[PDB]
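Printed here is query.cif (mmCIF, C-alpha atoms):
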```cif
data_entry
loop_
_atom_site.label_atom_id
_atom_site.label_comp_id
_atom_site.auth_asym_id
_atom_site.auth_seq_id
_atom_site.Cartn_x
_atom_site.Cartn_y
_atom_site.Cartn_z
CA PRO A 4 214.66 41.20 164.87
CA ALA A 5 214.89 38.24 162.42
CA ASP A 6 218.12 37.75 164.51
CA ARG A 7 216.01 37.83 167.75
CA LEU A 8 213.34 35.37 166.42
CA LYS A 9 216.06 32.97 165.09
CA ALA A 10 217.87 33.19 168.51
CA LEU A 11 214.59 32.41 170.41
CA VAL A 12 213.65 29.43 168.19
CA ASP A 13 217.29 28.13 168.04
CA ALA A 14 217.51 28.35 171.90
CA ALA A 15 214.23 26.33 172.27
CA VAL A 16 214.96 23.73 169.50
CA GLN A 17 218.74 23.03 169.47
CA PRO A 18 219.11 21.55 173.03
CA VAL A 19 215.93 19.42 172.65
CA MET A 20 217.12 18.04 169.24
CA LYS A 21 220.54 17.21 170.82
CA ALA A 22 219.00 15.68 174.04
CA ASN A 23 216.45 13.52 172.10
CA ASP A 24 218.83 12.64 169.15
CA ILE A 25 216.27 14.09 166.67
CA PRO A 26 217.75 13.85 163.13
CA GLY A 27 215.41 16.48 161.59
CA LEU A 28 212.88 19.04 162.88
CA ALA A 29 210.77 21.65 161.05
CA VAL A 30 209.26 24.64 162.92
CA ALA A 31 206.60 26.91 161.39
CA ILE A 32 205.26 29.99 163.25
CA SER A 33 202.28 32.25 162.37
CA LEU A 34 202.93 35.66 164.06
CA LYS A 35 200.49 38.57 163.38
CA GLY A 36 199.52 36.90 160.04
CA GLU A 37 203.18 36.40 158.88
CA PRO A 38 204.68 32.89 158.44
CA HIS A 39 208.22 32.15 159.77
CA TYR A 40 210.03 28.83 159.02
CA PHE A 41 213.01 27.26 160.85
CA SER A 42 214.41 23.96 159.51
CA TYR A 43 217.01 21.82 161.36
CA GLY A 44 219.04 18.74 160.44
CA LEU A 45 218.24 15.83 158.11
CA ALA A 46 215.00 14.39 156.66
CA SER A 47 217.15 11.30 155.83
CA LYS A 48 220.52 10.58 157.56
CA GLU A 49 221.52 8.00 154.88
CA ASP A 50 221.31 10.29 151.74
CA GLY A 51 221.91 13.61 153.63
CA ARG A 52 218.59 15.21 152.49
CA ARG A 53 218.07 18.38 154.64
CA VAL A 54 214.74 19.27 156.35
CA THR A 55 212.91 22.16 154.61
CA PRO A 56 209.41 23.65 155.20
CA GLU A 57 208.25 21.37 152.27
CA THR A 58 209.61 18.13 153.90
CA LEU A 59 206.71 15.69 154.56
CA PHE A 60 206.42 14.26 158.11
CA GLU A 61 203.93 11.78 159.61
CA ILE A 62 201.83 13.77 162.15
CA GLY A 63 200.13 10.74 163.78
CA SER A 64 197.20 11.77 166.06
CA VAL A 65 197.37 15.41 164.81
CA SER A 66 195.45 13.72 161.89
CA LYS A 67 192.40 13.66 164.26
CA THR A 68 192.06 17.50 163.85
CA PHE A 69 191.55 16.91 160.07
CA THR A 70 189.11 14.04 160.87
CA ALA A 71 187.24 16.48 163.20
CA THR A 72 187.15 19.10 160.36
CA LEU A 73 185.52 16.53 157.97
CA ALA A 74 182.95 15.78 160.74
CA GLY A 75 182.43 19.59 161.13
CA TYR A 76 181.62 19.71 157.38
CA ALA A 77 179.05 16.84 157.75
CA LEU A 78 177.54 18.80 160.74
CA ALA A 79 177.46 22.06 158.63
CA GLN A 80 175.62 20.15 155.81
CA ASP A 81 173.09 18.67 158.38
CA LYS A 82 174.14 15.12 157.27
CA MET A 83 174.73 14.19 160.95
CA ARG A 84 174.23 15.53 164.51
CA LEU A 85 176.63 14.91 167.42
CA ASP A 86 173.72 13.40 169.49
CA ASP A 87 173.00 10.81 166.68
CA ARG A 88 173.35 7.15 167.78
CA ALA A 89 176.50 5.72 166.09
CA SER A 90 174.45 2.84 164.52
CA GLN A 91 172.29 5.41 162.59
CA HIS A 92 175.13 5.84 160.00
CA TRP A 93 176.13 2.14 159.59
CA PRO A 94 173.41 -0.57 159.40
CA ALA A 95 176.04 -3.29 160.24
CA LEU A 96 176.07 -1.75 163.81
CA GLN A 97 172.22 -1.94 164.24
CA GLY A 98 171.49 -4.22 167.25
CA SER A 99 175.05 -3.68 168.65
CA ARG A 100 175.99 -1.57 171.72
CA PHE A 101 176.54 1.33 169.21
CA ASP A 102 172.69 1.70 169.28
CA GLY A 103 173.34 3.37 172.73
CA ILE A 104 176.49 5.44 171.91
CA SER A 105 176.44 8.99 170.45
CA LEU A 106 178.80 10.37 167.76
CA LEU A 107 179.92 12.95 170.42
CA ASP A 108 180.94 10.01 172.76
CA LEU A 109 183.05 8.51 169.91
CA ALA A 110 184.64 11.90 169.01
CA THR A 111 185.58 12.70 172.67
CA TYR A 112 186.73 9.17 173.76
CA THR A 113 183.78 8.68 176.22
CA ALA A 114 182.07 5.71 174.43
CA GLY A 115 182.76 3.46 177.50
CA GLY A 116 186.35 2.14 177.21
CA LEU A 117 187.14 1.55 173.50
CA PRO A 118 190.88 0.71 173.74
CA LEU A 119 193.92 2.87 172.78
CA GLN A 120 194.47 0.77 169.58
CA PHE A 121 192.59 -1.97 167.69
CA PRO A 122 193.79 -5.37 168.99
CA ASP A 123 196.56 -6.97 166.81
CA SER A 124 193.86 -9.51 165.69
CA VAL A 125 192.01 -6.71 163.75
CA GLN A 126 193.80 -6.16 160.38
CA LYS A 127 193.11 -3.36 157.83
CA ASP A 128 190.07 -5.23 156.45
CA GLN A 129 186.48 -3.87 156.24
CA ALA A 130 184.90 -7.17 157.54
CA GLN A 131 187.33 -7.49 160.52
CA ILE A 132 186.64 -3.83 161.56
CA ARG A 133 182.84 -4.33 161.15
CA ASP A 134 182.95 -7.56 163.25
CA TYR A 135 185.15 -5.88 165.92
CA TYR A 136 182.57 -3.05 166.50
CA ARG A 137 179.56 -5.45 166.31
CA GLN A 138 180.94 -7.62 169.21
CA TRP A 139 182.33 -4.75 171.38
CA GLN A 140 180.76 -4.17 174.83
CA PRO A 141 181.46 -1.08 177.03
CA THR A 142 183.40 -1.43 180.34
CA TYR A 143 181.47 1.59 181.81
CA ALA A 144 178.55 3.93 180.99
CA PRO A 145 178.99 5.98 177.78
CA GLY A 146 179.65 9.69 178.57
CA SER A 147 181.37 9.12 182.00
CA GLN A 148 185.13 8.26 181.46
CA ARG A 149 187.63 9.57 178.86
CA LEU A 150 189.96 6.86 177.48
CA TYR A 151 192.10 8.10 174.53
CA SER A 152 191.22 5.66 171.71
CA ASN A 153 192.05 5.26 167.96
CA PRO A 154 189.00 2.92 167.44
CA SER A 155 186.78 5.64 169.08
CA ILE A 156 187.69 8.70 166.91
CA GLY A 157 188.38 6.28 163.99
CA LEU A 158 184.71 5.17 164.01
CA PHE A 159 183.64 8.84 164.42
CA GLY A 160 185.47 9.78 161.16
CA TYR A 161 184.28 6.58 159.37
CA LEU A 162 180.62 7.39 160.31
CA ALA A 163 181.05 11.10 159.34
CA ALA A 164 182.23 9.87 155.87
CA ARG A 165 179.24 7.42 155.61
CA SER A 166 176.88 10.38 156.47
CA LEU A 167 178.36 12.20 153.39
CA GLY A 168 177.93 9.01 151.21
CA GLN A 169 181.65 8.69 150.21
CA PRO A 170 184.79 6.91 151.54
CA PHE A 171 186.74 8.88 154.20
CA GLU A 172 190.01 8.95 152.14
CA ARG A 173 188.18 10.25 148.97
CA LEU A 174 186.40 13.06 150.92
CA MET A 175 189.70 14.16 152.54
CA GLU A 176 191.63 14.26 149.18
CA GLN A 177 188.82 15.58 146.90
CA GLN A 178 186.98 17.98 149.30
CA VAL A 179 188.75 18.78 152.64
CA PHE A 180 192.41 19.38 151.56
CA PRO A 181 191.36 21.52 148.51
CA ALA A 182 188.86 23.60 150.62
CA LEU A 183 191.71 24.32 153.14
CA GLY A 184 194.19 25.12 150.28
CA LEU A 185 196.52 22.20 151.23
CA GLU A 186 198.48 20.78 148.23
CA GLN A 187 201.35 19.24 150.35
CA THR A 188 199.03 17.23 152.67
CA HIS A 189 198.46 13.51 151.91
CA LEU A 190 196.88 10.34 153.24
CA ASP A 191 198.66 8.42 150.44
CA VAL A 192 201.86 10.27 149.36
CA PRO A 193 202.04 10.44 145.53
CA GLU A 194 205.11 8.77 143.88
CA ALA A 195 206.03 12.32 142.58
CA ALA A 196 206.25 13.68 146.21
CA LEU A 197 208.10 10.64 147.76
CA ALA A 198 211.45 12.59 147.53
CA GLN A 199 209.98 15.02 150.19
CA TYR A 200 208.89 12.17 152.62
CA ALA A 201 211.29 12.20 155.62
CA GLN A 202 212.60 8.92 157.05
CA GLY A 203 211.37 8.20 160.60
CA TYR A 204 213.87 6.83 163.17
CA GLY A 205 213.33 4.45 166.14
CA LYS A 206 215.66 2.26 168.32
CA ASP A 207 219.18 1.85 166.77
CA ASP A 208 217.99 4.43 164.14
CA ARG A 209 215.75 1.66 162.68
CA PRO A 210 213.89 3.31 159.74
CA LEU A 211 210.12 3.63 160.35
CA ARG A 212 207.41 4.84 157.94
CA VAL A 213 203.86 4.05 159.16
CA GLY A 214 202.39 0.82 157.74
CA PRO A 215 198.72 0.02 157.02
CA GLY A 216 196.28 -0.40 159.94
CA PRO A 217 192.51 -0.45 160.57
CA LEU A 218 191.03 3.13 160.26
CA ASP A 219 194.64 4.42 159.89
CA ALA A 220 193.40 7.36 157.69
CA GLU A 221 190.95 8.62 160.37
CA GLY A 222 193.33 8.20 163.37
CA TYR A 223 196.89 8.86 162.16
CA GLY A 224 196.95 8.88 158.32
CA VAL A 225 198.19 12.41 157.45
CA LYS A 226 201.67 13.22 156.06
CA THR A 227 202.20 16.98 155.65
CA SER A 228 204.87 19.71 155.50
CA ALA A 229 205.44 22.33 158.24
CA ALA A 230 204.29 24.99 155.68
CA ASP A 231 201.01 23.08 154.91
CA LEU A 232 200.28 22.33 158.60
CA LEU A 233 200.77 26.07 159.38
CA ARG A 234 198.22 26.90 156.58
CA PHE A 235 195.83 24.56 158.50
CA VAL A 236 196.65 26.40 161.77
CA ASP A 237 196.02 29.75 159.96
CA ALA A 238 192.60 28.37 158.75
CA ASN A 239 191.87 27.53 162.46
CA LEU A 240 192.95 31.07 163.55
CA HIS A 241 190.75 32.71 160.84
CA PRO A 242 187.88 30.35 159.82
CA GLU A 243 185.87 33.42 158.59
CA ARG A 244 188.31 33.67 155.56
CA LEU A 245 186.98 30.33 154.15
CA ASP A 246 183.74 29.66 152.19
CA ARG A 247 180.94 29.47 154.84
CA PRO A 248 180.38 25.66 155.18
CA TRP A 249 184.18 25.23 155.73
CA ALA A 250 184.24 28.18 158.21
CA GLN A 251 181.44 26.32 160.13
CA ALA A 252 183.40 23.00 159.83
CA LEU A 253 186.49 24.57 161.54
CA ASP A 254 184.31 26.34 164.20
CA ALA A 255 182.79 22.93 165.17
CA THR A 256 186.37 21.90 166.22
CA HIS A 257 186.57 24.91 168.64
CA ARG A 258 183.79 23.74 171.05
CA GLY A 259 184.68 22.25 174.48
CA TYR A 260 182.41 19.50 175.89
CA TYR A 261 184.11 18.58 179.22
CA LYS A 262 187.23 19.08 181.40
CA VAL A 263 189.83 16.59 182.63
CA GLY A 264 192.21 18.45 184.99
CA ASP A 265 193.40 21.61 183.14
CA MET A 266 192.32 20.29 179.70
CA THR A 267 189.01 21.08 177.88
CA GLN A 268 188.22 18.43 175.20
CA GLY A 269 187.00 19.59 171.76
CA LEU A 270 186.60 17.64 168.51
CA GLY A 271 190.29 16.82 167.84
CA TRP A 272 191.66 19.94 169.63
CA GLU A 273 192.50 19.93 173.38
CA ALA A 274 192.42 23.38 175.08
CA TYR A 275 194.08 25.02 178.12
CA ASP A 276 193.75 28.43 179.77
CA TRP A 277 196.59 30.73 178.57
CA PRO A 278 198.73 31.65 180.35
CA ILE A 279 199.38 28.36 182.25
CA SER A 280 202.63 26.89 183.67
CA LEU A 281 204.82 24.67 181.43
CA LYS A 282 204.49 21.85 184.05
CA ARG A 283 200.63 21.99 183.76
CA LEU A 284 200.73 21.89 179.91
CA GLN A 285 203.21 18.95 180.15
CA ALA A 286 200.88 17.15 182.63
CA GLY A 287 197.87 17.62 180.26
CA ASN A 288 199.97 16.00 177.46
CA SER A 289 201.42 13.27 179.78
CA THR A 290 201.48 9.45 179.33
CA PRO A 291 198.81 8.91 182.07
CA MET A 292 196.44 11.27 180.12
CA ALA A 293 196.94 9.11 176.99
CA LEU A 294 196.89 5.63 178.66
CA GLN A 295 194.51 5.81 181.71
CA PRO A 296 190.74 6.42 181.99
CA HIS A 297 189.71 9.76 183.61
CA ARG A 298 186.28 10.77 185.01
CA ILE A 299 185.15 13.87 183.02
CA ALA A 300 183.61 17.11 184.38
CA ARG A 301 180.86 17.73 181.77
CA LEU A 302 180.11 21.40 180.89
CA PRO A 303 176.47 22.58 181.23
CA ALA A 304 176.72 23.91 177.62
CA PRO A 305 179.54 23.47 175.04
CA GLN A 306 182.20 26.25 175.60
CA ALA A 307 183.70 28.39 172.75
CA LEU A 308 187.46 27.51 172.64
CA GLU A 309 188.66 31.07 171.82
CA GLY A 310 190.32 34.10 173.50
CA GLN A 311 192.85 33.41 176.34
CA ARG A 312 193.29 29.69 175.48
CA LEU A 313 195.95 27.45 173.94
CA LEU A 314 194.50 24.81 171.57
CA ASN A 315 196.99 21.98 170.93
CA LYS A 316 197.39 18.42 169.65
CA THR A 317 200.35 16.01 169.95
CA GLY A 318 200.73 13.19 167.45
CA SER A 319 203.15 10.30 167.06
CA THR A 320 203.93 7.28 164.92
CA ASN A 321 206.74 4.78 165.69
CA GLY A 322 209.22 7.08 163.78
CA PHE A 323 207.75 10.64 164.10
CA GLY A 324 206.72 13.20 166.74
CA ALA A 325 204.48 16.19 165.92
CA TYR A 326 203.00 19.04 168.00
CA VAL A 327 200.65 21.87 166.95
CA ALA A 328 199.44 24.72 169.18
CA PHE A 329 197.69 28.06 168.60
CA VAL A 330 196.36 30.97 170.72
CA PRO A 331 193.15 32.24 169.04
CA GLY A 332 193.09 35.51 171.08
CA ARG A 333 196.71 36.38 170.04
CA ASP A 334 196.69 35.23 166.34
CA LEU A 335 199.72 32.98 167.26
CA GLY A 336 200.27 29.54 165.66
CA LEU A 337 203.09 26.98 166.04
CA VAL A 338 203.95 23.68 164.25
CA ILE A 339 206.85 21.42 165.37
CA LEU A 340 207.44 18.29 163.20
CA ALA A 341 210.27 15.78 163.97
CA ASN A 342 211.37 12.42 162.49
CA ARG A 343 211.81 10.79 165.89
CA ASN A 344 209.01 9.94 168.38
CA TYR A 345 210.42 11.98 171.31
CA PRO A 346 208.53 12.59 174.58
CA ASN A 347 205.46 14.92 174.53
CA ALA A 348 207.07 16.77 177.55
CA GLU A 349 210.02 17.77 175.27
CA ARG A 350 207.73 18.89 172.39
CA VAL A 351 205.76 21.07 174.85
CA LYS A 352 209.08 22.45 176.25
CA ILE A 353 210.05 23.75 172.73
CA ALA A 354 206.54 25.18 172.08
CA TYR A 355 206.35 26.87 175.53
CA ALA A 356 209.77 28.60 175.12
CA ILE A 357 208.69 29.93 171.67
CA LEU A 358 205.10 30.98 172.63
CA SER A 359 206.45 32.64 175.85
CA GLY A 360 209.12 34.52 173.79
CA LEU A 361 206.65 35.78 171.09
CA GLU A 362 204.54 37.20 174.02
#
```

Target format C-alpha cells, applied to this file:
Amino acid sequence: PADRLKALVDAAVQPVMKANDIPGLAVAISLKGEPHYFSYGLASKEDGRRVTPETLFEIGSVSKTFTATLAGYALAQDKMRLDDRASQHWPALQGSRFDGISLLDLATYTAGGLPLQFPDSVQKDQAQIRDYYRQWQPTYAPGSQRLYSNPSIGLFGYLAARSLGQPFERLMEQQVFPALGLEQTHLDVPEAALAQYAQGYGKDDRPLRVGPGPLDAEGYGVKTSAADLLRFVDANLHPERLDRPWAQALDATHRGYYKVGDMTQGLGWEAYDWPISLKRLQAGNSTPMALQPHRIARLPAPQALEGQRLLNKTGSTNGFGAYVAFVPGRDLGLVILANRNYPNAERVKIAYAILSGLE
C-alpha cells in the first residue's frame, strides 16, 4: 500500500531522472488530505547533500501563482479591480499606453505583446523599469492575443502591491506567506536556511542559482520546499479553511477568463478538463504555447476552475524545473521540484503517471 504508492512514484520518476540527468528531485503528493513525500538524489553533487522534503528549490514561473494570490488579496480588500486601467495604480504610467490596458490584460498576458522577458538593456533598477513601461507600445489590441510575458504578470504584481501601499517583497514575506502557513518559502533565502538551498545545474553541470532581474520577485522569485509548496496546493484545494479574505484571495486564482486550445487561463493557474490525454496536457505546456502569440477564445462570463479539471503551472530558471498540479474535484495535489531545467513534456509525463495511478 505504501509499497504500491512508492512503486507508482518510483516508476514515474526514476526513468525521467535518468533520461534528463536530473541530480535531485522532490515529489510531494496530497491524497485524501494526507501528505506523501518522495525524495530522490542530490541537492548538491559536490558536497553529497541529499534531497529531502525541506530542500529549497527555485520554482521559477510557479511564483506567478503566489503573485496571483497577493492580487486576490488586493481584490478581496477592494484596493483594486481587474477592470482597472494599469496607470490607475502608478502615476509614472499616466499618459502612457497603460492608460488603455486593464489589470486583467496584464495578469492573463493579453496586454498587446509585452515580450517573454525584459530586454537585456533593462536592469533591476526602479527607474529603468519605469522608463521601459512608459515608452512601451502594443503590437496588437489589448485583450486579443495571449503572449506569455514576465513584464506582463510582473507589472500586474507590482501594481497589486502599489494598490496595498507596500513593496511587493514586504507584502509577500510579512502577509502572504504567514497567512498561508509557509515558513520554508522565501523570495530572499535567509543565511540560516542557505544549507537547504539546492544547487541548480545547466550545461556541463555548470552551477546556476537565479541572479537579480527586473520584477524577479513577481515573475520567478520564490524558493520553496516540496513540503511548503504542497501546503500551498492544500490551501488551493481547501481555501475555506483559511481566514475569509485569504479564502477569497485563493478563490480569485480559480477563475478562467479565456481558452487557448485545451487550456483555460486563470490568474497564475492554467486549467484543463480532467481526464485528458497526456499528449494534450503536454501540448498545452509546450514551447509554442510559451513562445508564440495565440488568439484567445474569451468566455462570456469568468468560469469557476473546479470539479473535473486539472489546474497546473510549470516553472523554470536556468538551473531548476518545477511543476505543480491539482484536481479540485478529487482532493488530489502534486508537486515535482528538480534542480535541472528539464523539458515541460517530461515533467508532465511524471505527473500524468502519478495522477493516473492515484485514480

| request: Please evaluate the PyMOL selection byres ((chain A and resi 187) around 6) against the structure above and give the resulting residues as a PyMOL selection string. | output: chain A and resi 185-186+188+227+231

| request: Kindly resolve the PyMOL selection byres ((chain A and resi 95) around 12) on the present coordinates and return the residues as a list in words. | output: residues 89, 90, 91, 92, 93, 94, 96, 97, 98, 99, 100, 101, 102, 129, 130, 132, 133, 134, 135, 136, 137, 138 and 162 of chain A

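As for CA of residue 235 in chain A and CA of residue 183 in chain A, they are spaced 6.8 Å apart.
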
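Comparing A:158, A:28, A:192, A:286 by their smallest distance to residue 217 in chain A, the closest is A:158 (using only C-alpha atoms).
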
| task | Translate the PyMOL selection byres ((chain A and resi 24) around 12), as applied to the file shown, into an explicit residue set as a PyMOL selection string. | result | chain A and resi 16-23+25-28+44-45+48+204-208+341-346+349

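For the choices A:40, A:329, A:272, A:249, the atom-to-atom distance to residue 178 in chain A is smallest for A:249 when using all atoms listed in the file.
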
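Straight-line separation from CA of residue 260 in chain A to CA of residue 301 in chain A: 6.3 Å.
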
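Coordinates place CA of residue 278 in chain A at a distance of 24.8 Å from CA of residue 298 in chain A.
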
Contacts of residue 270 in chain A at 10 Å or less, counting only C-alpha atoms, minus same-chain residues fewer than 5 places along, as a PDB file with C-alpha atoms, in the coordinates of the input?
```pdb
ATOM      1  CA  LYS A  67     192.400  13.660 164.260  1.00  0.00           C
ATOM      2  CA  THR A  68     192.060  17.500 163.850  1.00  0.00           C
ATOM      3  CA  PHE A  69     191.550  16.910 160.070  1.00  0.00           C
ATOM      4  CA  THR A  70     189.110  14.040 160.870  1.00  0.00           C
ATOM      5  CA  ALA A  71     187.240  16.480 163.200  1.00  0.00           C
ATOM      6  CA  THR A  72     187.150  19.100 160.360  1.00  0.00           C
ATOM      7  CA  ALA A  74     182.950  15.780 160.740  1.00  0.00           C
ATOM      8  CA  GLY A  75     182.430  19.590 161.130  1.00  0.00           C
ATOM      9  CA  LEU A 107     179.920  12.950 170.420  1.00  0.00           C
ATOM     10  CA  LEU A 109     183.050   8.510 169.910  1.00  0.00           C
ATOM     11  CA  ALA A 110     184.640  11.900 169.010  1.00  0.00           C
ATOM     12  CA  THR A 111     185.580  12.700 172.670  1.00  0.00           C
ATOM     13  CA  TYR A 112     186.730   9.170 173.760  1.00  0.00           C
ATOM     14  CA  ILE A 156     187.690   8.700 166.910  1.00  0.00           C
ATOM     15  CA  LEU A 253     186.490  24.570 161.540  1.00  0.00           C
ATOM     16  CA  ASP A 254     184.310  26.340 164.200  1.00  0.00           C
ATOM     17  CA  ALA A 255     182.790  22.930 165.170  1.00  0.00           C
ATOM     18  CA  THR A 256     186.370  21.900 166.220  1.00  0.00           C
ATOM     19  CA  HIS A 257     186.570  24.910 168.640  1.00  0.00           C
ATOM     20  CA  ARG A 258     183.790  23.740 171.050  1.00  0.00           C
ATOM     21  CA  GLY A 259     184.680  22.250 174.480  1.00  0.00           C
ATOM     22  CA  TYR A 260     182.410  19.500 175.890  1.00  0.00           C
TER      23      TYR A 260
END
```
